[PDB]
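Pasted below: upload24.csv, CSV, C-alpha atoms.
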```csv
chain,number,residue,atom,x,y,z
A,2,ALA,CA,68.9,77.7,-56.7
A,3,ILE,CA,69.5,77.7,-52.9
A,4,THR,CA,70.1,74.1,-51.8
A,5,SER,CA,68.3,72.9,-48.7
A,6,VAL,CA,70.6,70.0,-47.7
A,7,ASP,CA,68.4,69.0,-44.9
A,8,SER,CA,65.4,68.4,-47.2
A,9,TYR,CA,67.6,66.5,-49.6
A,10,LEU,CA,68.7,64.1,-46.9
A,11,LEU,CA,65.1,63.4,-45.9
A,12,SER,CA,64.0,62.9,-49.5
A,13,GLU,CA,66.8,60.4,-50.2
A,14,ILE,CA,66.7,58.6,-46.9
A,15,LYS,CA,63.0,57.8,-46.5
A,16,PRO,CA,62.5,55.8,-49.6
A,17,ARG,CA,65.9,54.1,-49.7
A,18,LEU,CA,65.9,53.2,-46.0
A,19,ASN,CA,62.5,51.5,-46.4
A,20,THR,CA,63.8,49.5,-49.4
A,21,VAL,CA,66.9,48.3,-47.5
A,22,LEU,CA,65.0,47.1,-44.5
A,23,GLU,CA,62.4,45.5,-46.8
A,24,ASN,CA,64.7,42.6,-47.8
A,25,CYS,CA,67.0,40.4,-45.6
A,26,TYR,CA,69.8,39.6,-48.1
A,27,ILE,CA,71.1,43.2,-48.2
A,28,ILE,CA,70.9,43.5,-44.4
A,29,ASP,CA,73.1,40.4,-44.0
A,30,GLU,CA,75.7,42.0,-46.2
A,31,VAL,CA,75.5,45.2,-44.2
A,32,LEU,CA,75.7,43.5,-40.9
A,33,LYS,CA,78.3,40.9,-42.0
A,34,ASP,CA,80.7,42.0,-39.3
A,35,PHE,CA,78.4,42.0,-36.4
A,36,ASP,CA,77.9,39.0,-34.1
A,37,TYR,CA,75.0,36.6,-34.6
A,38,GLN,CA,73.0,37.7,-31.6
A,39,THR,CA,72.8,41.4,-32.4
A,40,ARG,CA,72.4,40.8,-36.2
A,41,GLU,CA,69.3,38.5,-35.9
A,42,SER,CA,67.6,40.4,-33.1
A,43,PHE,CA,67.7,43.6,-35.3
A,44,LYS,CA,66.5,41.5,-38.2
A,45,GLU,CA,63.7,40.0,-36.2
A,46,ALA,CA,62.6,43.5,-35.2
A,47,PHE,CA,62.7,45.8,-38.2
A,48,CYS,CA,63.8,43.7,-41.2
A,49,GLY,CA,61.2,42.3,-43.7
A,50,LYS,CA,57.9,43.5,-45.1
A,51,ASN,CA,56.2,41.9,-42.2
A,52,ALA,CA,58.1,43.9,-39.5
A,53,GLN,CA,55.8,45.1,-36.7
A,54,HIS,CA,58.3,47.6,-35.5
A,55,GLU,CA,59.4,50.4,-37.8
A,56,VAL,CA,62.0,53.1,-38.0
A,57,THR,CA,61.2,56.8,-38.2
A,58,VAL,CA,63.1,60.0,-39.2
A,59,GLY,CA,62.5,63.6,-38.4
A,60,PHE,CA,64.0,67.0,-37.6
A,61,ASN,CA,65.0,68.4,-34.2
A,62,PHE,CA,62.8,70.3,-31.8
A,63,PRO,CA,59.5,68.7,-32.7
A,64,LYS,CA,56.5,69.4,-30.5
A,65,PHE,CA,55.4,65.7,-30.6
A,66,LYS,CA,57.1,62.5,-29.4
A,67,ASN,CA,59.4,60.4,-31.6
A,68,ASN,CA,59.7,56.6,-31.7
A,69,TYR,CA,62.7,56.5,-29.3
A,70,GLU,CA,62.9,52.8,-29.9
A,71,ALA,CA,64.7,53.6,-33.1
A,72,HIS,CA,64.8,57.0,-34.9
A,73,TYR,CA,67.0,59.1,-37.1
A,74,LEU,CA,67.4,62.7,-36.0
A,75,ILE,CA,68.8,65.5,-38.2
A,76,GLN,CA,69.9,69.0,-37.4
A,77,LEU,CA,71.2,71.6,-39.9
A,78,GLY,CA,74.7,72.4,-38.6
A,79,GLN,CA,77.2,74.9,-39.6
A,80,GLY,CA,77.9,76.4,-43.1
A,81,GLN,CA,80.9,78.2,-44.6
A,82,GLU,CA,82.1,79.7,-47.8
A,83,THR,CA,85.2,78.2,-49.4
A,84,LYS,CA,85.8,79.2,-53.0
A,85,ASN,CA,84.7,82.1,-55.2
A,86,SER,CA,84.9,83.0,-58.9
A,87,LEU,CA,85.7,86.1,-60.8
A,88,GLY,CA,82.6,88.4,-60.8
A,89,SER,CA,81.0,85.6,-58.8
A,90,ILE,CA,80.2,84.1,-62.2
A,91,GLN,CA,79.6,80.3,-62.5
A,92,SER,CA,78.2,79.6,-65.9
A,93,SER,CA,76.4,81.1,-68.9
A,94,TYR,CA,73.3,79.5,-70.6
A,95,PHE,CA,71.3,80.2,-73.7
A,96,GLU,CA,68.2,78.6,-72.3
A,97,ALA,CA,66.4,78.7,-68.9
A,98,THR,CA,67.0,75.2,-67.6
A,99,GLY,CA,65.7,73.5,-64.5
A,100,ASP,CA,66.5,70.1,-63.0
A,101,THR,CA,68.3,67.2,-64.7
A,102,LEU,CA,66.1,64.1,-65.1
A,103,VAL,CA,66.4,60.5,-66.0
A,104,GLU,CA,63.5,58.9,-67.9
A,105,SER,CA,62.8,55.6,-69.5
A,106,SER,CA,61.2,55.4,-73.0
A,107,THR,CA,60.6,53.0,-75.9
A,108,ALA,CA,61.3,53.9,-79.5
A,109,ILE,CA,58.4,54.7,-81.7
A,110,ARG,CA,58.1,54.0,-85.5
A,111,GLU,CA,57.8,57.1,-87.5
A,112,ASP,CA,58.4,57.2,-91.3
A,113,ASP,CA,61.9,58.7,-91.6
A,114,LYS,CA,62.9,58.3,-87.9
A,115,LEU,CA,62.7,56.5,-84.6
A,116,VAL,CA,61.7,58.8,-81.8
A,117,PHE,CA,61.5,58.7,-78.0
A,118,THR,CA,58.9,60.7,-76.0
A,119,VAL,CA,59.6,62.2,-72.6
A,120,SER,CA,57.3,63.8,-70.0
A,121,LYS,CA,58.7,67.3,-70.4
A,122,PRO,CA,60.5,69.4,-73.0
A,123,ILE,CA,63.9,68.0,-73.7
A,124,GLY,CA,66.0,71.2,-73.6
A,125,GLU,CA,69.6,69.9,-73.3
A,126,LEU,CA,70.2,66.2,-73.9
A,127,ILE,CA,73.1,64.6,-72.0
A,128,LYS,CA,73.0,60.9,-72.9
A,129,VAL,CA,70.8,58.1,-74.2
A,130,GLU,CA,72.0,54.8,-72.7
A,131,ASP,CA,74.8,53.2,-74.7
A,132,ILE,CA,74.1,54.9,-78.1
A,133,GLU,CA,76.8,56.8,-79.9
A,134,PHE,CA,74.7,58.5,-82.6
A,135,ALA,CA,76.7,59.1,-85.8
A,136,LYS,CA,76.3,62.1,-88.0
A,137,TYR,CA,74.4,60.0,-90.5
A,138,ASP,CA,71.8,59.2,-87.8
A,139,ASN,CA,71.2,63.0,-87.6
A,140,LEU,CA,70.2,63.0,-83.9
A,141,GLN,CA,68.0,66.0,-83.1
A,142,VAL,CA,65.6,67.1,-80.4
A,143,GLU,CA,62.0,68.4,-80.9
A,144,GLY,CA,59.8,69.7,-78.1
A,145,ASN,CA,59.5,66.7,-75.6
A,146,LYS,CA,60.9,64.1,-78.0
A,147,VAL,CA,64.3,63.1,-79.4
A,148,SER,CA,64.6,61.6,-82.9
A,149,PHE,CA,67.2,59.7,-84.9
A,150,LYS,CA,66.9,58.5,-88.5
A,151,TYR,CA,65.6,55.0,-89.3
A,152,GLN,CA,67.8,53.5,-92.0
A,153,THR,CA,70.4,50.9,-90.9
A,154,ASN,CA,68.8,51.0,-87.5
A,155,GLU,CA,65.7,49.0,-88.4
A,156,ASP,CA,66.1,46.3,-85.8
A,157,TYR,CA,65.4,48.9,-83.1
A,158,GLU,CA,61.8,49.7,-83.6
A,159,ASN,CA,61.1,48.3,-80.1
A,160,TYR,CA,64.3,49.6,-78.4
A,161,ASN,CA,63.9,50.2,-74.7
A,162,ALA,CA,66.2,52.8,-73.2
A,163,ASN,CA,66.9,55.3,-70.4
A,164,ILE,CA,67.3,59.0,-71.2
A,165,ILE,CA,69.1,61.7,-69.3
A,166,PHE,CA,67.8,65.2,-70.0
A,167,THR,CA,67.2,68.6,-68.6
A,168,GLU,CA,64.0,70.6,-67.9
A,169,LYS,CA,63.6,73.5,-70.3
A,170,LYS,CA,61.5,76.5,-69.3
A,171,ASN,CA,62.4,79.6,-71.4
A,172,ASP,CA,64.6,80.7,-74.3
A,173,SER,CA,65.7,83.7,-72.1
A,174,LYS,CA,69.5,83.5,-72.1
A,175,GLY,CA,71.1,84.5,-68.8
A,176,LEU,CA,74.1,84.3,-66.6
A,177,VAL,CA,74.7,82.5,-63.2
A,178,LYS,CA,76.0,84.3,-60.2
A,179,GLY,CA,77.0,82.5,-57.0
A,180,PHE,CA,79.7,80.8,-55.1
A,181,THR,CA,80.6,77.5,-53.4
A,182,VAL,CA,79.4,76.7,-49.8
A,183,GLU,CA,81.0,74.2,-47.5
A,184,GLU,CA,78.2,72.9,-45.3
A,185,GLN,CA,78.1,70.5,-42.4
A,186,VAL,CA,75.0,68.6,-41.2
A,187,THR,CA,74.5,66.3,-38.2
A,188,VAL,CA,72.8,63.0,-38.1
A,189,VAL,CA,72.3,60.7,-35.1
A,190,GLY,CA,70.4,57.5,-34.3
A,191,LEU,CA,68.5,57.1,-31.1
A,192,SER,CA,67.6,54.1,-28.9
A,193,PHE,CA,67.3,52.9,-25.4
A,194,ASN,CA,69.4,49.9,-26.3
A,195,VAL,CA,73.0,50.5,-27.5
A,196,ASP,CA,73.1,47.4,-29.8
A,197,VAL,CA,70.3,48.8,-31.9
A,198,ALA,CA,72.1,52.1,-32.2
A,199,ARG,CA,75.3,50.5,-33.6
A,200,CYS,CA,73.3,48.5,-36.1
A,201,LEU,CA,71.3,51.6,-37.0
A,202,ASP,CA,74.5,53.7,-37.6
A,203,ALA,CA,76.0,51.0,-39.8
A,204,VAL,CA,72.9,50.9,-41.9
A,205,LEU,CA,73.2,54.6,-42.4
A,206,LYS,CA,76.8,54.4,-43.6
A,207,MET,CA,75.7,52.1,-46.4
A,208,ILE,CA,73.0,54.3,-47.8
A,209,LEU,CA,75.3,57.3,-47.7
A,210,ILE,CA,77.6,55.2,-50.0
A,211,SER,CA,74.7,54.5,-52.3
A,212,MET,CA,73.8,58.2,-52.4
A,213,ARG,CA,77.3,58.8,-53.9
A,214,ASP,CA,75.8,57.4,-57.2
A,215,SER,CA,72.6,59.5,-57.1
A,216,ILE,CA,72.0,62.1,-59.8
A,217,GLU,CA,71.5,64.9,-57.3
A,218,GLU,CA,74.7,63.9,-55.3
A,219,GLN,CA,76.8,63.6,-58.5
A,220,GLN,CA,75.7,66.9,-59.9
A,221,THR,CA,74.9,69.1,-56.9
A,222,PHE,CA,76.2,67.6,-53.6
A,223,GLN,CA,79.8,66.5,-53.9
A,224,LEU,CA,82.9,65.7,-51.8
A,225,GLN,CA,81.5,63.7,-48.9
A,226,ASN,CA,83.4,63.9,-45.6
A,227,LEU,CA,82.0,61.8,-42.8
A,228,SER,CA,82.8,62.1,-39.1
A,229,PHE,CA,81.5,60.0,-36.2
A,230,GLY,CA,81.3,61.0,-32.6
A,231,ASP,CA,81.5,58.7,-29.5
A,232,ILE,CA,78.5,56.8,-28.2
A,233,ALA,CA,77.0,59.0,-25.4
A,234,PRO,CA,73.9,59.0,-23.2
A,235,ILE,CA,71.7,61.6,-24.9
A,236,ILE,CA,69.2,61.5,-22.0
A,237,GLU,CA,69.6,60.6,-18.3
A,238,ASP,CA,66.4,62.0,-16.7
A,239,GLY,CA,64.2,59.0,-17.2
A,240,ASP,CA,63.6,55.4,-16.4
A,241,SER,CA,66.4,54.5,-18.8
A,242,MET,CA,69.0,56.4,-20.8
A,243,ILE,CA,68.9,57.2,-24.5
A,244,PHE,CA,72.1,56.3,-26.4
A,245,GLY,CA,73.1,57.6,-29.8
A,246,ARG,CA,76.3,58.1,-31.9
A,247,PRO,CA,76.2,61.4,-33.8
A,248,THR,CA,77.6,61.6,-37.3
A,249,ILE,CA,78.6,64.7,-39.3
A,250,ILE,CA,78.2,65.0,-43.0
A,251,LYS,CA,79.9,67.6,-45.1
A,252,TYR,CA,79.0,68.8,-48.6
A,253,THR,CA,80.2,71.2,-51.3
A,254,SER,CA,77.5,72.9,-53.3
A,255,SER,CA,76.7,76.2,-55.2
A,256,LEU,CA,74.4,79.0,-54.1
A,257,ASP,CA,73.4,80.2,-57.5
A,258,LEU,CA,71.1,82.9,-59.0
A,259,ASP,CA,69.9,83.5,-62.5
A,260,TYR,CA,70.5,86.9,-64.1
A,261,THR,CA,68.7,87.5,-67.4
A,262,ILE,CA,70.0,89.5,-70.3
A,263,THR,CA,67.9,91.6,-72.6
A,264,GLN,CA,70.6,93.4,-74.6
A,265,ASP,CA,70.6,91.1,-77.6
A,266,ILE,CA,72.4,92.7,-80.5
A,267,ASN,CA,70.9,91.9,-83.9
A,268,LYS,CA,71.8,94.8,-86.2
A,269,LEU,CA,75.2,96.2,-87.0
A,270,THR,CA,75.7,99.3,-89.2
A,271,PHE,CA,79.0,100.8,-90.4
A,272,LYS,CA,79.3,104.5,-91.2
A,273,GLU,CA,82.5,106.2,-92.3
A,274,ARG,CA,83.8,109.5,-90.9
A,275,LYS,CA,82.6,112.5,-92.9
A,276,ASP,CA,86.1,113.9,-93.2
B,2,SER,CA,89.8,3.2,-31.6
B,3,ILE,CA,88.0,6.5,-30.8
B,4,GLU,CA,89.7,8.4,-28.0
B,5,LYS,CA,87.9,11.8,-27.7
B,6,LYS,CA,84.7,12.9,-29.2
B,7,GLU,CA,83.3,16.4,-29.1
B,8,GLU,CA,80.1,17.7,-30.7
B,9,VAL,CA,79.5,21.4,-31.5
B,10,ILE,CA,76.5,23.1,-32.9
B,11,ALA,CA,77.1,25.9,-35.5
B,12,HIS,CA,73.6,27.0,-36.4
B,13,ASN,CA,70.0,26.0,-35.5
B,14,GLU,CA,67.2,27.5,-37.4
B,15,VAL,CA,63.7,26.5,-38.7
B,16,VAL,CA,62.9,26.0,-42.4
B,17,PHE,CA,59.4,25.6,-43.8
B,18,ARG,CA,58.5,23.2,-46.7
B,19,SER,CA,55.2,23.1,-48.6
B,20,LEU,CA,53.7,19.7,-48.4
B,21,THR,CA,52.3,19.8,-51.9
B,22,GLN,CA,54.8,21.8,-53.9
B,23,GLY,CA,57.8,20.5,-51.9
B,24,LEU,CA,59.6,23.8,-52.2
B,25,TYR,CA,61.0,25.9,-49.4
B,26,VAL,CA,59.8,29.4,-48.7
B,27,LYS,CA,62.1,32.3,-49.4
B,28,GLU,CA,60.0,35.4,-49.0
B,29,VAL,CA,56.7,36.7,-47.6
B,30,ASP,CA,54.4,39.7,-47.9
B,31,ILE,CA,53.3,42.4,-45.4
B,32,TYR,CA,50.7,39.8,-44.1
B,33,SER,CA,53.5,37.2,-43.9
B,34,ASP,CA,51.9,35.2,-46.6
B,35,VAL,CA,54.2,33.6,-49.1
B,36,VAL,CA,55.6,35.7,-51.9
B,37,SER,CA,58.1,33.3,-53.3
B,38,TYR,CA,59.5,29.7,-53.1
B,39,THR,CA,62.9,28.2,-53.6
B,40,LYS,CA,64.3,24.6,-53.9
B,41,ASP,CA,67.5,25.4,-51.9
B,42,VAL,CA,68.1,24.8,-48.2
B,43,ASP,CA,70.9,27.4,-48.2
B,44,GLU,CA,68.6,30.2,-49.6
B,45,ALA,CA,65.4,29.3,-47.8
B,46,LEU,CA,63.6,31.5,-45.3
B,47,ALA,CA,64.9,30.9,-41.8
B,48,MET,CA,63.7,31.6,-38.3
B,49,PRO,CA,66.5,31.7,-35.7
B,50,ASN,CA,66.1,29.0,-33.2
B,51,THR,CA,69.1,29.3,-30.8
B,52,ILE,CA,68.1,29.3,-27.2
B,53,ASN,CA,67.6,33.0,-26.8
B,54,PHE,CA,65.2,33.3,-29.8
B,55,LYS,CA,62.7,30.6,-28.8
B,56,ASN,CA,59.0,31.4,-28.6
B,57,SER,CA,59.0,34.0,-31.4
B,58,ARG,CA,56.1,36.1,-32.8
B,59,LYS,CA,57.2,37.1,-36.3
B,60,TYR,CA,55.9,33.9,-38.0
B,61,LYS,CA,52.7,32.9,-36.1
B,62,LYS,CA,50.5,33.3,-39.2
B,63,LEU,CA,53.0,31.2,-41.0
B,64,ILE,CA,53.3,28.3,-38.5
B,65,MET,CA,49.5,27.9,-38.1
B,66,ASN,CA,49.3,27.4,-41.9
B,67,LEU,CA,48.5,23.7,-42.5
B,68,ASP,CA,50.1,23.5,-45.9
B,69,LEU,CA,53.5,24.3,-44.5
B,70,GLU,CA,55.8,21.7,-42.8
B,71,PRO,CA,58.2,23.2,-40.4
B,72,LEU,CA,61.7,21.6,-40.3
B,73,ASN,CA,64.4,22.0,-37.7
B,74,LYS,CA,67.7,22.5,-39.4
B,75,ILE,CA,70.9,21.9,-37.4
B,76,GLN,CA,74.5,22.2,-38.5
B,77,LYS,CA,77.2,20.5,-36.5
B,78,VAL,CA,81.0,19.9,-36.3
B,79,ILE,CA,82.4,17.0,-34.4
B,80,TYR,CA,86.1,16.3,-33.5
B,81,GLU,CA,87.3,12.7,-33.3
B,82,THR,CA,90.7,11.9,-32.0
B,83,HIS,CA,92.4,8.6,-32.9
B,84,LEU,CA,95.4,6.5,-31.7
B,85,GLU,CA,96.8,3.8,-34.1
B,86,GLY,CA,99.7,2.3,-32.2
B,87,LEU,CA,103.2,2.1,-33.5
```

Take the structure in the file and write it out as structure tokens.
Amino acid sequence: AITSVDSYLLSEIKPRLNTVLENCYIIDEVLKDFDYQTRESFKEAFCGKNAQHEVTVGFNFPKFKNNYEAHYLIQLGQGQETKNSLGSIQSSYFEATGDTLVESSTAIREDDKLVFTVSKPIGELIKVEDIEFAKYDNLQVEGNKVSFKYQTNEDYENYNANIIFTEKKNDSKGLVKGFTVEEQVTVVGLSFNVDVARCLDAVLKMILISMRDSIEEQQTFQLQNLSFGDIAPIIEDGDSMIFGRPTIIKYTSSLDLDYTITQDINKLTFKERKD
Amino acid sequence: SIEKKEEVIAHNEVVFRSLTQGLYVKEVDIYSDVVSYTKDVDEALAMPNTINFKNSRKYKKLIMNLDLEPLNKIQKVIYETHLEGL
């Protein structure tokens, strides 16, 4: 599962950034340090659902024009290998497993059990929110649903819960081969007005923090290391310069591959020496 | 006996009250129509109204609304020095 860090940044940034700019209360917390003049002018421009101006994000070397009033620019950056493992082995699995998901569900009333239903086959369960199923509950999984017994849990026919689970594909057990990669990626905000750039960079730092709690970040992209450059004129051949402070993001992740095993031993016969 | 008096303005913003409901606006939609109301001056929606921000555009569709009553909110600090003899 080769990880495209650049795609992950875009997937996380685009929704979360829109949400942050949507409300004003969060922005005030973010821009608490800045002076009144810069803070409100930025808020007057981009903040709120009724903002006429809008921010954009894209990758480098596009053949079209970007909104140079305010824009996030990304470029892939360097990559390095840091740590290996014996035989390049990472893990062994009895089931072909995909991504790890979080889903919300409501308990359903069966005869002997209360069951939750999920959009896909459960495979490996990880956690149901704030439930410590005892052995007498007899927690078990079946297809796309998870079940626990009804008795002495009868108040919970309407229980509303979140579920963390994995996507199951096949029963073909296999090994993992791969290593760890230390990758760096560059991000920069652009504007023809320096004050906007500083506000824009500060907004970015917050959502990077929020990404530390994300499922993908916690499981796949770990050990953030942020580095900020000096504010510089990106462009000078024009009616006015473009100013932007580049930032560098570092990640640790695994470049993994699945190796499938077919040599399943089932029979075992003992024969003594003829002598 | 007042000796020196100085007046200072901390903030100056505009707050909108509904004539009928009497509440203050707190949020608006994409079209800038009201999404929510609040009965708290400290939490109400605000348009900055210091000198640099006058003649705005963000709330034209709000101001023209007849049901809304704009209010000019000002916060001040004044320093008063006294002398009281021996």

field: Check: which chain A residues lie within 10 Å of chain B using all atoms listed in the file, as a PyMOL selection string
entry: chain A and resi 23-26+37-38+41-42+45-46+49-53

message: What's around residue 246 in chain A at 8 Å? Count only C-alpha atoms, leave out sequence neighbours fewer than 2 positions away in its own chain, and write the answer as a count of residues only.
response: 13

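Taking CA of residue 67 in chain A and CA of residue 234 in chain A as the two end points, the separation is 16.8 Å.
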
field: Polymer residues at most 10 Å from residue 55 in chain A, only C-alpha atoms, same-chain spacing of 5 or more positions, as JSON, numbers by chain
entry: {"A": [19, 22, 46, 47, 48, 68, 70, 71, 72]}

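The closest residue to residue 105 in chain A, picked from A:165, A:209, A:249, A:140 and counting only C-alpha atoms, is A:165.
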
- request: Can you work out the spacing between CA of residue 137 in chain A and CA of residue 98 in chain A in Å, to one decimal?
  value: 28.5 Å

query: Contacts of residue 26 in chain B at 12 Å or less, counting only C-alpha atoms, minus same-chain residues fewer than 4 places along, as an MDAnalysis selection string?
result: chainID B and resid 15:20 22 30 33:48 63 68:72

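Each of A:260, A:43, A:73, A:65 was compared to residue 15 in chain A using all atoms listed in the file, and A:73 turns out to be the nearest.
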
task: List the neighbours of residue 75 in chain A out to 12 Å using only C-alpha atoms; skip same-chain residues closer than 3 positions along the sequence, and give me the result as an MDAnalysis selection string.
output: chainID A and resid 6:11 14 57:63 72 78 185:191 247:250

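Shortest atom-to-atom contact with residue 8 in chain B among B:50, B:21, B:76, B:56: B:76, counting only C-alpha atoms.
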
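Distances here use only C-alpha atoms; by that measure, the residue among A:40, A:110, A:272, A:17 closest to residue 215 in chain A is A:17.
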
task: Would you mind listing what lies within 8 Å of residue 97 in chain A as a ChimeraX atom specification, with only C-alpha atoms counted and same-chain residues fewer than 3 positions away left out?
output: /A:94,169-175

- request: Rounded to one decimal place, report the CA of residue 255 in chain A-CA of residue 79 in chain A distance in Å.
  value: 15.7 Å
